[PDB]
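Peer 1: Residue numbers (the authors' numbering), protein chains in the order written: chain A, 6 to 406; chain B, 4 to 55, 103 to 406.
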DNA sequence: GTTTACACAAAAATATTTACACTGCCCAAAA
DNA sequence: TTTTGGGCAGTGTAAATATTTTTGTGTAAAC
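1. With a threshold of 8 Å between beta-carbons, can residue 17(B) be considered close to chain A, or not?
2. Say whether chain A places a C-beta atom closer than 8 Å to the C-beta of residue 377(B).
3. Under 8 Å Cβ to Cβ from residue 400(B), same chain only, skipping five residues before and after it: list those, please.
4. Out of 394(A), 18(A) and 376(A), point me to the one whose CA is closest to residue 156(A)'s CA.
5. Just confirm the distance between the C-beta atoms of residue 207(B) and residue 223(B), as a whole number of angstroms; I'd bet it's less than 8 Å.
6. Residue range of the beta strand (DSSP E) that residue 179(A) falls in?
7. To which residues of the same chain is residue 22(B) closer than 6 Å at the C-beta, ignoring the five residues directly before and after it?
8. Please report how far the alpha carbon of residue 281(B) lies from the alpha carbon of residue 319(A), in whole angstroms.
9. Return the chain-ordered ranges of every alpha helix (DSSP H) run that is complete within the segment 218-292 of chain B and spans a minimum of 4 residues.
10. Does the segment 341-351 of chain A come close enough to the segment 127-145 of chain A to have 3 or more Cβ pairs within less than 8 Å?
11. Within 8 Å (strictly less), CB to CB, does residue 110(B) reach chain A?
12. Quick test of your reading: residue 370(A) and residue 219(A), contact by CB under 8 Å. State the CB separation rounded to the nearest angstrom.
13. At 3 residues or longer, what runs of the beta strand (DSSP E) sit wholly inside the segment 100-184 of chain A?
14. Under three-state DSSP, which class holds residue 378(B)?
15. Excluding five sequence neighbours on each side, which residues of the same chain lie with their C-beta closer than 8 Å to the C-beta of residue 410(A)?
16. Give the C-beta separation of residue 101(A) and residue 42(A) to the nearest angstrom, bearing in mind that I take them to be a contact with Cβ-Cβ under 8 Å.
17. Between residue 51(A) and residue 190(A), which are expected to be in contact by the criterion C-beta below 8 Å, what is the C-beta distance as a whole number of angstroms?
18. When we look at the beta-carbon of residue 365(B) and count the other beta-carbons within 10 Å, is it buried (16 or more) or exposed?
19. In terms of residues, what are the limits of the beta strand (DSSP E) holding residue 365(A)?
20. With distances taken between CB atoms, is the gap from residue 71(A) to residue 107(A) smaller than 8 Å?
21. Is residue 302(B) close to chain A? Criterion is C-beta to C-beta, closer than 8 Å.
22. Kindly indicate if chain B contains any beta-carbon less than 8 Å away from that of residue 44(A).
23. Report yes or no: do the segment 227-242 of chain B and the segment 255-274 of chain B share at least 3 C-beta pairs separated by less than 8 Å?
24. From residue 292(B) to residue 304(B), what distance separates their C-alpha atoms?
25. Applying a beta-carbon distance threshold of less than 8 Å, which residues of chain A neighbour residue 132(B)?
26. Within the same chain, show all residues whose beta-carbon is closer than 6 Å to that of residue 117(A), passing over the 5 residues directly before and after it, in chain order.
27. Where residue 26(A) and residue 114(B) are concerned, what is the direct C-alpha to C-alpha distance, given to the nearest angstrom?
28. For residue 360(A), does the count of other Cβ atoms within 10 angstroms reach 16, so buried, or fall short, so exposed?
29. Taking 8 Å as the CB-CB limit, is residue 280(B) close to chain A?
30. Could you tell me if the beta carbon of residue 146(B) falls within a distance shorter than 7 Å of some heavy atom in the ligand ZN?
31. Do residue 38(A) and residue 37(B) come within 8 Å of each other at the CB atom, strictly closer than that value?
32. Taking CB distances under 8 Å as the criterion, tell me whether residue 41(A) reaches chain B.
33. With a Cβ-Cβ cutoff of 8 Å, do residue 209(A) and residue 192(A) count as a contact?
34. Does the segment 383-392 of chain B come close enough to the segment 320-335 of chain B that 3 or more CB-CB pairs lie under 8 Å?
35. Can you look up residue 84(A) in the DSSP assignment and give me helix, strand or coil?
36. Could you name the residues of chain A that residue 118(B) contacts, counting a contact when the two beta carbons are closer than 7 Å?
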């Protein structure tokens, strides 16, 4: 795609700017960008005033141009200086480079993508100064990433699908400066798999876990747009969620989250060197029926009563909520006990917010979490394996859906 | 002021007509799509100009940016993406290596810079070895020699590599230091093994100095667990806060009796080396603090870890030296601040070594 | 006669700096 | 022995803060 006219243009620009090396070529690149912008601005001024430099007009020329004024631009190649013309009454408006605009490059989206990757504002400042030439302070990075706040509000009011077969609820704790004191806030991510087998984060909510109805409030938000029943929801049983869903979504079959149970009870305080009893814990959720699952749970409890005893106690306490997991098919069971669909989420946030220790205000935390969630969900075009079969099993197990 | 010529006016007009330029981004992408391959070919021809210091080739702006990205530990795909986004052409890993090869005369000048005659304190530290390849693999180790001089500025003096415990390697290091201009070292701290005794007694022996403190703690707590290192940290904190040397001996015997059943073979070495560690307590509290701070060593180790993760790609015969030099200069650029309460330390050093 | 360039300030838009209010993370240590 | 404090090193960003650009208008030079 090399046009001979482009070749002649290259030869002419090499001849006019006297390019003899690569350094000369880059200097001439900067000079050529500046000259082109200045020429276009002079053409725009000629179009605005309606006459060229020093040319008479029959009608009384209402306003005279009165020289140039300097301005330094921030471009992709580097920092360039140009001279822009000016009208006496200051009526002319530049088109390519508008008034007071010096960051003509399109680095905004790149800065936002770097901040979503987990880079600090000062890290981004140093990186941009090193690999671009011009300076962008940390507060400038903050004001640039503030531009997606209407996007955040539209994502919070984003219209969701009608039916969601499987839902997961996860919690991630951070520190937040509220009312002048730094306390602690837990952010709850509501992820869901749709009818086609595609998982996509549907909700992100700031916790404020002082009251229980706030939890219910989240469901009410779903009641605002997710008006259909959820065939299965998987949440870490905490803070009186049972009453919330049973009064909001009573049709939903509420089971204890298997992977959250594994994370919270058998591994919160676990012997690090021999964590590999999940291979036997698989024996619990690879059982055909719930009675065999209870028997294998008793067996592994007998196996693990030598270590700290409080591990298997939670299984005995919550088996009443864990029992509906066995009614599902093996392909359905797979979706339950796969911690990789949950851990990979949490760890991802952990690997994104590794450098952000304390978030000033709720909205900064919300910005960072929305950016991380978008960066993660961008690659989530893969559908679920053996889906459609799962849809048939769902419609058989739930005849009215 | 830029007075433009009518021929350049026609050039700009033809450019705008060819690329249909209406906004600034249109102009930038037009310049990219027009000059990408041109810049690529010019760069490859200018780097292959020798085979296609006395003669040090000049560096370009884009080459300086590539050097900066090389120092930041960026992946080859990532720097390729950045260059494609800015200038509009691809850079292969071999091109990256050929571009980075241009800072070698700078490394020569940095390794041959004239030094002062007397340096109060000198440390030599070792880090892990990402072995270079010219047909062999090595058991050798990377050493950085950093010294604090009569004033209060810290600066890395040398970067060396060798057989790691031959007396000849240490002797060559000290002889290079003496050739660069050094004539007497007041305090030297090296990794305690063979060879350094003879190297000191044959290279810089105004007085014997085997004062090793930060080297001993790391050498003894390397073969222990980080979970217990905090308890080891508390016990060694009790060990280095002793006012007298005999109190330090008592604390050492106590911690050895406490830890000889969980890790018997480590602290034994300490006892075996206690004859050498004794003169450390002769210093005042300030000299002790300046010695065992190790914060600069930890910063250097973190930079070298960022280099070992991402920069060990090409032959380290020049690449390892480039990476270490870039990390050291990145530290020393903003590492020019003077030292804390250096005047009292200087008085104590001048009274402690009076015949200077 | 006109037209534009240039030079001073003052206003306005923008981007840098300071200041949090902490979190981690080492120690120098007391009860 | 475990619990305090005390620097240091980070963070995102509100609020003073400095900087750069644009403007008002008066001249000096140019067409």
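Think of the CB as a built atom: it goes at the ideal place given N, C-alpha and C, for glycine as much as any other residue.
Peer 2: Taking the coordinates as given:
1. yes
2. no
3. 406
4. 376(A)
5. Contact doesn't hold; Cβ gap of about 10 Å is too wide.
6. 171-183
7. 33
8. 34 Å
9. 246-253, 264-271 and 276-290
10. no
11. yes
12. Wrong, their Cβ atoms sit about 16 Å apart, outside the cutoff.
13. 171-183
14. helix
15. The question about residue 410(A) has no answer here: the residues shown for chain A are numbered 6 through 406.
16. 6 Å
17. Between residue 190(A) and residue 51(A) the Cβ distance is about 58 Å, and since that is not below 8 Å, they are no contact.
18. exposed
19. 363-365
20. no
21. no
22. yes
23. yes
24. 13 Å
25. 136
26. 150
27. 15 Å
28. exposed
29. no
30. In terms of ligand content, the structure shown is empty, and the ligand ZN therefore cannot be addressed.
31. no
32. yes
33. yes
34. no
35. strand
36. 135 and 136
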